Amino acid sequence: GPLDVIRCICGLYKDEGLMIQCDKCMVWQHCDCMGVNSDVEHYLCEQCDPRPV
Amino acid sequence: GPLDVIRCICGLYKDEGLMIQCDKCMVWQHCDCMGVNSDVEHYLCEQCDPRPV
Amino acid sequence: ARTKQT
Amino acid sequence: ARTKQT
Ligand SMILES: [Zn+2]
Ligand SMILES: [Zn+2]
Ligand SMILES: [Zn+2]
Ligand SMILES: [Zn+2]
């Protein structure tokens, strides 16, 4: 929704597929872009936890 | 800071220059990228208020 | 943690 | 509007 911030490494502002939320900064990211799936317990984005993707 | 979400149309996650926060979704953008300055009373990003930049 | 699919 | 400059 308009209140839900999408900020994925792909840089596309689109709500498709399985997405996951950063526990800290609350942005949403595409699981496929981030190399994860829906069974992880905790998630942080690539800015809260810098890393290669 | 780590809990300040930068989501500018330039797609660069960096804190430099004059920056402005969307009134609804809280993301920060570069004024120069967005074509505005701090003399505005109210601001919305290009996703909360679609428009050409 | 929190996931969705629209 | 809320602004900053670092
Ligand atoms: Zn993505
Ligand atoms: Zn984050
Ligand atoms: Zn920018
Ligand atoms: Zn916004």
Side-chain angles (χ1 to χ4, degrees):
Chain A
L3 277 163
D4 296 320
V5 175
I6 297 167
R7 191 202 60 76
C8 192
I9 49 172
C10 66
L12 292 179
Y13 206 101
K14 69 159 190 153
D15 180 24
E16 69 180 2
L18 203 46
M19 314 172 60
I20 186 161
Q21 181 171 46
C22 181
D23 298 313
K24 297 287 94 176
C25 73
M26 317 315 276
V27 305
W28 292 87
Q29 313 199 294
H30 314 110
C31 295
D32 286 335
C33 299
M34 293 319 285
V36 292
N37 63 44
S38 68
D39 290 3
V40 305
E41 202 184 351
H42 287 286
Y43 185 71
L44 306 164
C45 70
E46 91 292 359
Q47 292 301 326
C48 293
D49 185 16
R51 70 189 186 267
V53 174
Chain B
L3 63 82
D4 297 316
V5 176
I6 295 169
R7 191 200 62 70
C8 191
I9 74 174
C10 68
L12 295 185
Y13 207 102
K14 67 187 172 73
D15 178 54
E16 76 173 343
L18 210 43
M19 278 189 93
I20 191 161
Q21 180 173 48
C22 176
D23 285 328
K24 286 294 181 33
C25 75
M26 297 313 99
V27 304
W28 293 89
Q29 318 197 291
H30 314 109
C31 295
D32 290 345
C33 291
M34 300 307 291
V36 292
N37 51 50
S38 179
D39 288 17
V40 299
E41 190 161 9
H42 289 341
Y43 183 73
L44 309 159
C45 67
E46 89 293 358
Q47 292 301 327
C48 293
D49 182 19
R51 72 194 181 268
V53 185
Chain C
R2 179 152 272 300
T3 61
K4 72 176 188 177
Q5 177 167 33
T6 301
Chain D
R2 179 146 164 231
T3 59
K4 68 178 179 176
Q5 169 166 218
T6 61

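Both backbone and side-chain heavy atoms feed into the values below; hydrogens, waters and symmetry mates do not. Chain letters run A, B, ... following the sequence lines, proteins first and then strands; every chain starts at 1.
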From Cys33(A) SG over to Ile20(A) CD1, what is the distance, rounded to the nearest 0.5 angstrom?
->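 One finds 12.5 Å between SG of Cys33(A) and CD1 of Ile20(A).
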
Of all the heavy-atom pairs spanning [X] and [Y], show the shortest one and how long it is.
X        : Y        : value
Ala1(C)  : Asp23(A) : CB-OD1, 3.3 Å
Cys25(A) : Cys22(A) : N-SG, 3.6 Å
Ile9(A)  : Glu46(A) : CG2-CD, 3.6 Å

Expected list for residues 35-45 of chain A: side-chain donor-acceptor pairs under 3.5 angstrom, two or more places apart:
unit_1, atom_1, unit_2, atom_2, d
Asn37(A), OD1, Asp39(A), N, 3.1
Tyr43(A), OH, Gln29(A), OE1, 2.7
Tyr43(A), OH, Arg51(A), NH2, 3.4

Quick one: do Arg7(A) and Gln47(A) satisfy side chain to side chain contact (heavy atoms under 4.5 Å, CB included)? Show the steps, please.
-> CA-CA 10 Å; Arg7(A) 191 202 60 76; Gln47(A) 292 301 326; 3.6 Å; yes

So which pairs with a foot in residues 8-21 of chain B pass side chain to side chain donor-acceptor pair (under 3.5 Å), sequence neighbours left out?
->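 Applying side chain to side chain donor-acceptor pair (under 3.5 Å) to every pair that reaches into residues 8-21 of chain B, excluding sequence neighbours, yields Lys14(B)-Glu16(B), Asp15(B)-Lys4(D), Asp15(B)-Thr6(D), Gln21(B)-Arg2(D).
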
Each residue besides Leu3(A) in its hydrophobic cluster should be listed here, by chain and number; the cluster joins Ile, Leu, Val, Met, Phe, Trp and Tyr at side-chain heavy-atom distances under 4.5 Å.
->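 Members besides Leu3(A): none; it forms no cluster.
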
Do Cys10(B) and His30(B) come close enough that some side-chain heavy atom pair is under 4.5 Å?
->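 Yes, at least one pair of side-chain atoms sits under 4.5 Å.
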
